[PDB]
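Chain by chain, the residues run as shown.
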Amino acid sequence: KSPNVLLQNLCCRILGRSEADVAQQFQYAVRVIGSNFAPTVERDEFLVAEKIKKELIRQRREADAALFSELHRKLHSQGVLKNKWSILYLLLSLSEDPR
Amino acid sequence: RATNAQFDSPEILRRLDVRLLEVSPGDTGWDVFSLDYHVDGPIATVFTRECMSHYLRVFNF
Amino acid sequence: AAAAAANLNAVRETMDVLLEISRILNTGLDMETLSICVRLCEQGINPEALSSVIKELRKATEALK
């Protein structure tokens, strides 16, 4: 593979369509992901864990905030993810408030 | 400067400094403000960093 | 081999635990998409860049509807 065609996989996964049916959305993916491959901001998994707990208190899913205390431990227990920080920031970024 | 606070002792004034909570999409500004008393000296053994978190919770309520 | 499939067990586990983290923060990613999202992160990638793409692709499946 390469990450450019792997992003095309992501564009097949979010949408429900073939890749010859739409080429606009993959062009939005390559325009935003492109000319950037490396984070230029603070790197720490510990701070984003303390930002996920702080977010789950704000949504009153405070029992799910003690679940994340176990799920981050399970994430450490497998230990086969190279950057734990990028997916935690990514999952933090798409957060919805259903309350 | 505007209120009576300027005249007090420089120690507790200097250790009064502002903090905020770290940005995330959809937050509220009234929650993200806080005041932090910060400790660098030997007084840590009576006001340690694990007691500061309790204080932040108290100040928020 | 045998242990070379035990590592395949340890990756499916990663994929499941990140889905529990995915539902408690209430994101729209499902299991199949999340398996792309962990693969991208092994090479290293900005989540600040990926989030806008995902937040556009979820805003372009009902506008290309």
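Residues numbered from 1 in each chain as written, not as in the entry; some residues may be left out. Chains lettered and ligands numbered in written order. Part of a larger assembly, values for the part shown. Heavy atoms only, no water.

It is worth spelling out the side chain of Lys84(A) at this point. In this fold, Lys84(A) is placed in helix α5 (residues 84-93). It turns out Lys84(A) is buried and unbridged, and the closest side chain with the opposite charge, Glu42(C), is 7.5 Å from it. Polar contacts involving the side chain of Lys84(A) include one to the main-chain carbonyl oxygen of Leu75(A), which spans 3.3 Å. Residues in contact with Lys84(A), not counting those within four places in the same chain, are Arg43(A), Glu45(A), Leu75(A), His76(A), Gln78(A) and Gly79(A). (Helix = DSSP H or I, 4+ residues; strand = E, 2+ residues; numbered from the N terminus. Buried < 20%, exposed > 50% of the residue type's maximum accessible area, 1.4 Å probe, protein only. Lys, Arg positive; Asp, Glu negative; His and termini not counted. Salt bridge = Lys/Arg side-chain N within 4 Å of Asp/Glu carboxyl O. Polar contact = N/O pair within 3.5 Å; in protein donor to acceptor, adjacent residues only side chain to side chain. Contact = heavy atoms within 4.5 Å.)

Turning to the interface of chain A and chain B, a few remarks are in order. On the side of chain B, 9 residues touch chain A, which itself brings 7 residues to the contact. Taken together, both faces of the contact between chain A and chain B bury some 600 Å²; the carbon and sulfur share is 42%. Taken as a group, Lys51(A), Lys54(A) and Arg58(A) account for 62% of the area that chain A buries against chain B, more than any other trio of residues on that side. Counting across the interface, chain A meets chain B through 1 salt bridge. (Buried area = accessible area lost by both parts, 1.4 Å probe.)

Residues and elements named next belong to chain A. Phi angles above zero are rare outside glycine, and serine 35 is one such case at about 55°. In this structure, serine 35 sits in the loop between α2 (24-33) and α3 (45-58). In this model, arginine 60 sits at a positive phi of 60°, which is unusual for a non-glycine residue. Given a relative accessible area of 55%, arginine 60 falls into the exposed group.

A word on the packing of aromatic side chains. Residue and element names in this part refer to chain A. The tally for this structure, following the rule as stated, stands at 2 aromatic pairs over all chains. When the ring of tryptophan 85 is compared with that of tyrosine 89, the centres are 5.7 Å apart and the planes differ by 50°; the resulting orientation is tilted. Here the residue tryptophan 85 and the residue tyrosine 89 both occupy positions in helix α5, the gap between them amounting to 4 residues, near one helical turn. (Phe/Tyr/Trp six-rings, centres within 6.5 Å; stacked < 30°, edge-to-face > 60°.)

Highest in contacts among the 2 pairs of chains that touch are chains A and C. With no contact between them, chain B and chain C keep their nearest C-alpha atoms 11 Å apart.

Moving on, we come to the layout of surface pockets. The calculated volume of the largest pocket comes to roughly 960 Å³. Taken together, 20 residues form the lining of the largest pocket, with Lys54(A), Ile57(A), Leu21(B), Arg57(B) and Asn60(B) sitting closest to its centre. If you list the elements that add at least two residues to the lining of the largest pocket, you get α3 of chain A together with α2 (29-32) and α3 (49-60) of chain B. For the lining of the largest pocket, the element with the highest residue contribution is α3(A), accounting for 6 residues. A per-class count over the lining of the largest pocket returns 4 nonpolar, 4 polar and 12 charged. (1 Å grid on protein atoms, 1.4 Å probe; cavity = no way out; pocket = protein on both sides within 12 Å on 5 of 7 lines; lining within 4 Å. Points joined across faces, edges and corners; volume = space filled by probe spheres on them. Nonpolar A, V, L, I, M, F, W, Y, C, P; charged D, E, K, R; others polar.)

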